[PDB]
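# A structural model of the following input is requested.
(2 chains)
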Amino acid sequence: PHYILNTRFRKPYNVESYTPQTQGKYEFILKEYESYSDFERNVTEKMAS
Amino acid sequence: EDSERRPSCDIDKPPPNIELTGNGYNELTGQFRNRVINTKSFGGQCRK
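Numbers count the residues shown, from 1 in each chain, chains lettered A, B, ... in the order given. Find the structure here:
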């Protein structure tokens, strides 16, 4: 008799162990990059007579 | 024979992963390794 949760199971003769070994990972990343630029250049020239 | 058979205990269920207690252990990789101790030799006993 083998159990996982409350379910019961039969093990094939070929298999040494089937067991839950119940492990979990979560890996998360979030990334942001931002870049901004603004350039303004002007000229003014005048004459009168 | 079903006439010779008798109950060994009221239940068949172990603690839910008793299996992992009988595994081997590789110190240098850090990991568990396959089934070394028989975790479930009930031994005709009803230790509950």
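
# going forward, measure contacts and count neighbours with C-alpha atoms only.
Noted.

# in which helix or strand would I find the residue nearest to the spatial centre of chain B?
For chain B, residue B:40 is the residue whose C-alpha lies nearest the centre (CA atoms, centre = their mean; 1.8 Å). Following DSSP states H and E, one finds residue B:40 outside all helices and strands.

# Run through the residues that contact it.
B:14, B:19 (CA atoms under 8 Å, 6 or more residues apart in numbering or on different chains).

# dump the residue contacts of residue B:18.
Per CA under 8 Å, 6+ apart, neighbours of residue B:18: residue B:39.

# Point out the residues in chain B that sit beside chain A.
Residues of chain B found near chain A (CA under 8 Å from any CA of the partner chain) are B:12-14, B:16-17, B:19-20, B:34-35.

# Out of those residues, give me the two with the largest separation.
B:12 and B:34 (22.9 Å; CA to CA).

# quick one: the strands in chain B?
B:23-25, B:32-35 (DSSP state E).

# Compare these and give me the one nearest residue A:10.
Closest among the strands of chain B, once you apply CA to CA, is strand B:32-35, at 16.9 Å.
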